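Only one structure is covered here, and it is reproduced in the block below.
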Amino acid sequence: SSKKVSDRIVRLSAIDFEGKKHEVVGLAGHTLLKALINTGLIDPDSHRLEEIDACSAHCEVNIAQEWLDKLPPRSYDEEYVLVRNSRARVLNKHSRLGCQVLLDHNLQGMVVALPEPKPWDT
Amino acid sequence: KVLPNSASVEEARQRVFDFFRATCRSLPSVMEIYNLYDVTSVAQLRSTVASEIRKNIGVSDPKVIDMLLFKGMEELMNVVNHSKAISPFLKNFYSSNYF
Amino acid sequence: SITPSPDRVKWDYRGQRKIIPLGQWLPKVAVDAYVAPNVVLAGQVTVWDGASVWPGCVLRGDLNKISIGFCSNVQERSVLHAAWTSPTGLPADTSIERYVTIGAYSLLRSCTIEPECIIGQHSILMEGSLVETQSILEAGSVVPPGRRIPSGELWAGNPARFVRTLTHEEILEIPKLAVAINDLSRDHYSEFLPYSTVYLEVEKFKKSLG
Amino acid sequence: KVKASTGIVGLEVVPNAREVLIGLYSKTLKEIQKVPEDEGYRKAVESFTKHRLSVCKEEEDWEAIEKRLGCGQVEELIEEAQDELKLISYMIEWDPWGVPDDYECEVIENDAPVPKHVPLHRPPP
Amino acid sequence: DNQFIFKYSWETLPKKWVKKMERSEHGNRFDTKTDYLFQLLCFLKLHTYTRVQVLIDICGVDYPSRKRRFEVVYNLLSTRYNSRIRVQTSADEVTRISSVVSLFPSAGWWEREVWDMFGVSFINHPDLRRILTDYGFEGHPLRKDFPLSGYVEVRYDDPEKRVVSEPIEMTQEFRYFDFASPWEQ
Amino acid sequence: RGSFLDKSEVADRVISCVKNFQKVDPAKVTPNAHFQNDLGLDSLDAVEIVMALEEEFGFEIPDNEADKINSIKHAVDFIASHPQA
Ligand SMILES: [Fe+3]
């Protein structure tokens, strides 16, 4: 009952666009977007407010099908954002927004993929 | 880049593994270089490279191993740059005197 | 044997500079924020609007970033520092979110204080520690590195220990305290003109010398 | 006066050649103090560095120091001093001093004559 | 002539690596170990009174009788003091000797030429590809055991519509004439 | 639509790739089998297996990750978790 932080630590992995393997550490209850931003493979200024309204699919991550069964399914707003903010207006069926991925020990060890970054300045 | 001589059998083995990796990654380029797709069998080519490495096990000198790897890398670069029942005795006997 | 330097400044005719930029890192202070003249902000220090950095304290963010949020109060003679990496593998920059009151002799290093927090004096937060949102630590509490203070709780003791949960009425008073020290800081702020008159004194000294 | 050009395209004329040479020679002596005294390299370095420092201290004009030294091109002298600093740093980085014991060196001397018309580098006057 | 900086070197150079020295009118000679050749050339190039700052060339000599058949020779020149010096070592087929490309940038092509002709590999060469012989050459031509006419020859193969390489079948074999006199010794 | 290969397809492809070796046998190959012990192979055999897998799946495997592919289960997990396969 020491109430440390190592219990809340959730360790997962991320392969970015060019294929480099990365180790991502994030607290339980803090989103995958926040964990990736802290790791440094997502531009912090690109995505600041962890909200669906402020998300423009700049937090999109592709997750394996055997990991999609461990987190809640995509909401209608998330699916709409993925459909609209894409190169082609299709659903990738393996990608979820990093804002709605609430990290937990169930998802500990999950492997995600960071697609090619998109511009966000104006 | 050329490296100093390997001072350990483990280092020589690691260099051999790196060279085999390089050959395997450079194999598909040889496909478009030579165009023998009918009877190439890329898997058979990999098996032949492994067989060459396995027939070169009698060597135990790390210096000889490093020299062999250097020459193998040179040969890889050259190939990338496109530079190409009557017993055995009786056949040679019928062929010529010098055998 | 040690060799004293003859050209060593035993009197600088000016105290410690309030802002010490290291390399390209310039400490940033919001115009609304109040930092006392006695403080020393060195390196990667970022003080946002409404902050109340009180006299006698020091913020040395040379190793890693130090951030003071909106209406955050850091009181007199406290020390704030950071370092590369932490025992928890989380980012080790010192972050203090909005509506956080921090007592007099607080020793903060690589802490991650979430918004709306109360921290008493003589409180020490070593590397990797985070005090979650809406939490209180009383005076003298020291948290070991990597220890966390859960949200909605009161903690105490030289080794940090949970005392009791916080009622909603007690929780709502943390922003009130933050804005109260903010108002006191605003009262302190009005006594300083944009430019000091000490340059007249140094010119008088130069004229006296020649 | 000032040197319009040093002739060498790579070399460039330096105004404070005397000061640069003085500083380089002082640093040369300070660095060569770390070399063992028994070594002939240290003795030779101290000899020529002290001589050059003395002459460049006594003579003020760069023309005068060039004329007295006899090597000329204070820019070349500065380059030589910098190379000497680099060599001293290298011989501190690796330790070559001291005979390895049980050491043999084969000095070979033959007086086989050569004709006067073969290319032989004549000694400077 | 001009044996000044040679004697000065032997006076100032560390005695650890001077395996042997030769004072000759055909050229002053230093013979050292392959471990300390780079350090020796760095000392000579940088020292203020032995400034051999230009590398004339690097050569190889084959001596099949010796245990270390290859002899790597470095001819260097000092334009500041106007004298030539020679520094050589002994290397065999497998061992790799230190490279002096970092000191003298011109040494790259001569070291590649030495590799091509003899097989003496260098440790720190930026690249060590063959320079002079044909692409895919198998042997080292300047070795004494290497035949003068080589092992393969090229010709145009009409069915292949390309120049192919085949084992040598040359007519008018080389006629080695033994002119050596038994009284020459 | 679709960024990762199906787990069953990856397992079948990896099994088929392993089956195509002369030294190995279909009887002793299992989804959880160590290359050195269960399949009775060598270091060069494991390296060639990894290279064959990466050639079949069309993406380069990093050095350390390839070194950690000493089992069919590890290979399947890595291939199914990689977006470039
Ligand atoms: Fe998002």
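In the structure tokens, chains take letters A, B, ... by order of appearance, with residues numbered from 1 within each chain and ligands from 1 in the order shown.
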Q: Tell me which protein, DNA and RNA residues are within 6 Å of segment 29-39 of chain F, counting only C-alpha atoms, leaving out same-chain ones fewer than 2 positions away, and put them as a PyMOL selection string.
A: chain F and resi 26-27+41-42+70-73
Can you list, as a CSV table (one decimal) with N, CA and C atoms, in the first residue's frame, every protein, DNA or RNA residue that comes within 10 Å of residue 47 of chain E when you count only C-alpha atoms, leaving out same-chain residues fewer than 2 positions away?
chain,number,residue,atom,x,y,z
D,41,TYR,N,63.5,13.2,-28.2
D,41,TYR,CA,62.5,14.1,-28.8
D,41,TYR,C,62.2,15.3,-27.9
D,45,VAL,N,63.0,19.2,-28.9
D,45,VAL,CA,61.9,20.1,-28.9
D,45,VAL,C,62.2,21.3,-28.0
D,80,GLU,N,54.3,25.1,-38.6
D,80,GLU,CA,55.1,24.1,-38.0
D,80,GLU,C,54.9,24.0,-36.5
D,81,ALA,N,54.7,25.1,-35.8
D,81,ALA,CA,54.4,25.1,-34.4
D,81,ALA,C,53.1,24.4,-34.1
D,82,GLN,N,52.0,24.6,-34.9
D,82,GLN,CA,50.8,23.9,-34.7
D,82,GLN,C,50.9,22.4,-34.9
D,83,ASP,N,51.7,22.0,-35.9
D,83,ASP,CA,51.9,20.6,-36.1
D,83,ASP,C,52.7,20.0,-35.0
D,84,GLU,N,53.6,20.8,-34.4
D,84,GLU,CA,54.4,20.3,-33.2
D,84,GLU,C,53.4,20.1,-32.0
D,85,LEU,N,52.5,21.0,-31.9
D,85,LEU,CA,51.5,20.8,-30.8
D,85,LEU,C,50.7,19.6,-31.1
D,86,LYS,N,50.3,19.3,-32.3
D,86,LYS,CA,49.5,18.1,-32.6
D,86,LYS,C,50.3,16.9,-32.4
D,87,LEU,N,51.6,16.9,-32.7
D,87,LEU,CA,52.5,15.7,-32.5
D,87,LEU,C,52.7,15.5,-31.0
D,88,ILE,N,52.9,16.5,-30.3
D,88,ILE,CA,53.0,16.4,-28.8
D,88,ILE,C,51.8,15.8,-28.2
E,9,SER,N,66.2,12.3,-37.4
E,9,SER,CA,65.2,11.4,-37.0
E,9,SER,C,65.7,10.3,-36.1
E,12,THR,N,66.1,11.6,-32.8
E,12,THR,CA,64.9,12.1,-32.1
E,12,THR,C,63.8,11.1,-32.1
E,13,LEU,N,63.7,10.2,-33.1
E,13,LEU,CA,62.6,9.3,-33.2
E,13,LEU,C,62.7,8.3,-32.0
E,41,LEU,N,55.0,7.3,-39.3
E,41,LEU,CA,54.7,8.3,-40.3
E,41,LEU,C,54.0,9.5,-39.8
E,42,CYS,N,53.2,9.4,-38.7
E,42,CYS,CA,52.6,10.6,-38.1
E,42,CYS,C,53.7,11.5,-37.5
E,43,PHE,N,54.7,10.9,-36.8
E,43,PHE,CA,55.8,11.6,-36.2
E,43,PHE,C,56.6,12.4,-37.3
E,44,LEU,N,56.9,11.7,-38.4
E,44,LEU,CA,57.7,12.3,-39.4
E,44,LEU,C,57.0,13.4,-40.1
E,45,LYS,N,55.7,13.2,-40.4
E,45,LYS,CA,54.9,14.2,-41.2
E,45,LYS,C,54.7,15.4,-40.3
E,49,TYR,N,61.2,19.4,-37.9
E,49,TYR,CA,62.5,19.3,-38.6
E,49,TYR,C,62.7,18.0,-39.4
E,50,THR,N,61.6,17.3,-39.6
E,50,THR,CA,61.6,16.1,-40.5
E,50,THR,C,60.4,16.1,-41.3
E,51,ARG,N,60.0,17.3,-41.8
E,51,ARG,CA,58.7,17.5,-42.4
E,51,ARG,C,58.6,16.8,-43.8
E,52,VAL,N,58.4,15.4,-43.7
E,52,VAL,CA,58.1,14.7,-45.0
E,52,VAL,C,56.5,14.7,-45.1
E,53,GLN,N,56.1,15.8,-45.6
E,53,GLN,CA,54.6,16.1,-45.7
E,53,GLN,C,54.0,15.6,-47.0
Could you give me the residues within 6 Å of ligand 1, counting only C-alpha atoms and all ligand atoms, as a short mmCIF file (atom, residue, chain, number, x, y, z; two decimals) with N, CA and C atoms, in the first residue's frame?
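In the end it all went to selection-v3.cif:
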data_model
loop_
_atom_site.label_atom_id
_atom_site.label_comp_id
_atom_site.auth_asym_id
_atom_site.auth_seq_id
_atom_site.Cartn_x
_atom_site.Cartn_y
_atom_site.Cartn_z
N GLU A 50 -6.57 17.11 -25.65
CA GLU A 50 -6.91 15.69 -25.80
C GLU A 50 -8.43 15.54 -25.89
N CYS A 55 -9.24 16.90 -32.15
CA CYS A 55 -8.47 15.89 -32.87
C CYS A 55 -8.79 15.94 -34.35
N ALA A 57 -7.20 13.64 -36.49
CA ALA A 57 -6.52 12.39 -36.85
C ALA A 57 -5.00 12.53 -36.87
N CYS A 59 -3.40 12.03 -34.15
CA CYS A 59 -3.05 11.03 -33.15
C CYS A 59 -3.34 9.61 -33.63
N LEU A 97 -7.95 6.52 -32.88
CA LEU A 97 -7.40 7.78 -32.41
C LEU A 97 -6.67 7.59 -31.09
N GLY A 98 -5.53 8.27 -30.94
CA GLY A 98 -4.78 8.19 -29.71
C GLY A 98 -5.41 8.91 -28.54
N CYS A 99 -6.41 9.76 -28.79
CA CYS A 99 -7.09 10.44 -27.70
C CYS A 99 -8.00 9.50 -26.93
#
**Q.** 9 Å contact set for segment 84-93 of chain B, only C-alpha atoms, chain neighbours under 5 positions out, as a list in words
**A.**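 Near segment 84-93 of chain B, the qualifying residues are residues 78, 79, 98 and 99 of chain B; 136, 164 and 165 of chain E.
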Store the residues of this selection in a file with N, CA, C and O atoms, as a PDB file, in the first residue's frame.
ATOM      1  N   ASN B  78      30.847  -7.217 -57.175  1.00  0.00           N
ATOM      2  CA  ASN B  78      31.021  -7.494 -58.599  1.00  0.00           C
ATOM      3  C   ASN B  78      29.740  -8.040 -59.224  1.00  0.00           C
ATOM      4  O   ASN B  78      29.339  -7.615 -60.317  1.00  0.00           O
ATOM      5  N   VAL B  79      29.079  -8.979 -58.543  1.00  0.00           N
ATOM      6  CA  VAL B  79      27.837  -9.543 -59.065  1.00  0.00           C
ATOM      7  C   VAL B  79      26.754  -8.474 -59.141  1.00  0.00           C
ATOM      8  O   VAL B  79      25.962  -8.440 -60.091  1.00  0.00           O
ATOM      9  N   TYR B  98      46.412 -36.507 -70.156  1.00  0.00           N
ATOM     10  CA  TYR B  98      46.700 -35.648 -69.010  1.00  0.00           C
ATOM     11  C   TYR B  98      45.430 -35.497 -68.182  1.00  0.00           C
ATOM     12  O   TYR B  98      44.555 -34.692 -68.504  1.00  0.00           O
ATOM     13  N   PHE B  99      45.333 -36.277 -67.111  1.00  0.00           N
ATOM     14  CA  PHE B  99      44.192 -36.208 -66.209  1.00  0.00           C
ATOM     15  C   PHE B  99      44.604 -36.594 -64.792  1.00  0.00           C
ATOM     16  O   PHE B  99      45.601 -37.289 -64.593  1.00  0.00           O
TER      17      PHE B  99
ATOM     18  N   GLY E 136      35.946  -8.342 -61.535  1.00  0.00           N
ATOM     19  CA  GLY E 136      35.875  -9.753 -61.228  1.00  0.00           C
ATOM     20  C   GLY E 136      37.183 -10.496 -61.351  1.00  0.00           C
ATOM     21  O   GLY E 136      37.172 -11.722 -61.488  1.00  0.00           O
ATOM     22  N   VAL E 164      33.016 -12.967 -73.587  1.00  0.00           N
ATOM     23  CA  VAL E 164      33.080 -13.941 -72.513  1.00  0.00           C
ATOM     24  C   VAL E 164      34.533 -14.143 -72.110  1.00  0.00           C
ATOM     25  O   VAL E 164      35.466 -13.831 -72.852  1.00  0.00           O
ATOM     26  N   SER E 165      34.726 -14.678 -70.908  1.00  0.00           N
ATOM     27  CA  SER E 165      36.048 -14.955 -70.365  1.00  0.00           C
ATOM     28  C   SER E 165      36.240 -16.461 -70.257  1.00  0.00           C
ATOM     29  O   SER E 165      35.424 -17.151 -69.638  1.00  0.00           O
TER      30      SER E 165
END
Q: Give as a PyMOL selection string every residue of chain A that touches chain C within 10 Å, counting only C-alpha atoms.
A: chain A and resi 1-6+8-9+11+24-27+35+38-39
Save the residues we just selected, C-alpha atoms, as a CSV table (one decimal), in the first residue's frame?
chain,number,residue,atom,x,y,z
A,1,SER,CA,0.0,0.0,0.0
A,2,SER,CA,2.9,2.3,-0.7
A,3,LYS,CA,1.1,3.9,-3.6
A,4,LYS,CA,4.0,4.2,-6.0
A,5,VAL,CA,3.8,5.0,-9.7
A,6,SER,CA,5.4,1.8,-11.1
A,8,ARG,CA,0.4,2.8,-12.9
A,9,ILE,CA,3.3,2.6,-15.4
A,11,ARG,CA,4.8,-0.2,-21.0
A,24,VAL,CA,6.8,4.0,-25.1
A,25,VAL,CA,6.1,4.4,-21.4
A,26,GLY,CA,2.8,5.9,-20.2
A,27,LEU,CA,0.8,6.0,-17.0
A,35,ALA,CA,2.4,8.5,-23.9
A,38,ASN,CA,6.1,12.1,-23.9
A,39,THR,CA,8.2,9.5,-25.8
Q.
Using DSSP assignments from the backbone, pull out every residue in segment 75-115 of chain D that falls under alpha helix (DSSP H) and give it to me as an NGL selection string.
A. :D and (75-93)
Residues from the last selection, N, CA and C atoms, saved as a compact mmCIF listing (two decimals), in the first residue's frame:
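To be explicit, this is the file written out as again32.txt:
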# COMPACT_ATOMS: atom_id res chain seq x y z
N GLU D 75 54.46 32.52 -41.35
CA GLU D 75 53.28 31.68 -41.51
C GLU D 75 53.66 30.20 -41.53
N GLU D 76 54.73 29.85 -42.25
CA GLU D 76 55.22 28.48 -42.21
C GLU D 76 55.68 28.10 -40.81
N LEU D 77 56.29 29.05 -40.09
CA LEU D 77 56.70 28.78 -38.72
C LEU D 77 55.50 28.50 -37.83
N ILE D 78 54.41 29.25 -38.01
CA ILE D 78 53.20 29.03 -37.23
C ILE D 78 52.60 27.66 -37.56
N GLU D 79 52.59 27.30 -38.84
CA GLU D 79 52.10 25.98 -39.23
C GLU D 79 52.94 24.88 -38.59
N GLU D 80 54.26 25.05 -38.59
CA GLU D 80 55.14 24.07 -37.96
C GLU D 80 54.88 23.98 -36.46
N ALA D 81 54.66 25.11 -35.80
CA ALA D 81 54.37 25.10 -34.37
C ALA D 81 53.06 24.38 -34.08
N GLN D 82 52.03 24.62 -34.89
CA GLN D 82 50.76 23.93 -34.70
C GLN D 82 50.91 22.43 -34.91
N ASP D 83 51.67 22.04 -35.93
CA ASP D 83 51.93 20.62 -36.15
C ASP D 83 52.72 20.02 -35.00
N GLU D 84 53.64 20.79 -34.41
CA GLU D 84 54.36 20.32 -33.23
C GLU D 84 53.43 20.11 -32.05
N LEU D 85 52.47 21.02 -31.85
CA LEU D 85 51.47 20.83 -30.81
C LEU D 85 50.67 19.55 -31.05
N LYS D 86 50.25 19.33 -32.30
CA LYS D 86 49.50 18.12 -32.62
C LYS D 86 50.33 16.86 -32.36
N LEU D 87 51.61 16.89 -32.75
CA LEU D 87 52.48 15.74 -32.53
C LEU D 87 52.70 15.48 -31.05
N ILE D 88 52.87 16.54 -30.25
CA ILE D 88 53.03 16.37 -28.81
C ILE D 88 51.77 15.76 -28.21
N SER D 89 50.60 16.23 -28.65
CA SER D 89 49.36 15.64 -28.18
C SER D 89 49.27 14.17 -28.55
N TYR D 90 49.70 13.82 -29.76
CA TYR D 90 49.66 12.42 -30.19
C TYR D 90 50.60 11.55 -29.35
N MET D 91 51.82 12.02 -29.11
CA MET D 91 52.77 11.26 -28.31
C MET D 91 52.44 11.27 -26.82
N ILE D 92 51.52 12.12 -26.38
CA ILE D 92 50.96 11.94 -25.05
C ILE D 92 49.82 10.93 -25.08
N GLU D 93 49.02 10.93 -26.16
CA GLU D 93 47.91 10.00 -26.27
C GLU D 93 48.40 8.55 -26.31
(Q) Based on only C-alpha atoms, which of the residues in chain B come within 6 Å of chain E? I want them as a list in words. (A)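 Every residue meeting the condition is included here: residues 1, 3, 4, 63, 64 and 78 of chain B.
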Q: Mind listing the strand (DSSP E) residues of segment 48-206 of chain C, per DSSP on the backbone, as a VMD selection string?
A: chain C and resid 52 to 53 58 to 68 73 to 74 79 to 81 94 to 96 100 to 102 107 to 109 112 to 113 117 to 119 124 to 125 130 to 131 135 to 137 142 to 143 148 to 149 153 to 156 161 to 165
Near residue 48 of chain F, within 9 Å and counting only C-alpha atoms, which residues show up once chain neighbours fewer than 2 positions away are dropped, as a PDB file with C-alpha atoms, in the first residue's frame?
ATOM      1  CA  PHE B  20      25.379 -13.629 -45.043  1.00  0.00           C
ATOM      2  CA  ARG B  21      22.749 -11.015 -44.180  1.00  0.00           C
ATOM      3  CA  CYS B  24      20.494 -12.332 -48.577  1.00  0.00           C
ATOM      4  CA  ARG B  46      20.260 -18.993 -50.670  1.00  0.00           C
ATOM      5  CA  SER B  47      20.848 -22.702 -50.040  1.00  0.00           C
ATOM      6  CA  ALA B  50      24.786 -21.382 -47.193  1.00  0.00           C
TER       7      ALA B  50
ATOM      8  CA  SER F  43      23.060 -20.703 -36.109  1.00  0.00           C
ATOM      9  CA  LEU F  44      23.366 -20.361 -39.886  1.00  0.00           C
ATOM     10  CA  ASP F  45      20.107 -22.286 -40.276  1.00  0.00           C
ATOM     11  CA  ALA F  46      18.337 -19.823 -37.971  1.00  0.00           C
ATOM     12  CA  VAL F  50      14.957 -15.325 -40.663  1.00  0.00           C
ATOM     13  CA  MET F  51      16.153 -14.115 -44.066  1.00  0.00           C
ATOM     14  CA  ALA F  52      13.668 -16.382 -45.858  1.00  0.00           C
ATOM     15  CA  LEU F  53      10.846 -15.100 -43.646  1.00  0.00           C
TER      16      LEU F  53
END
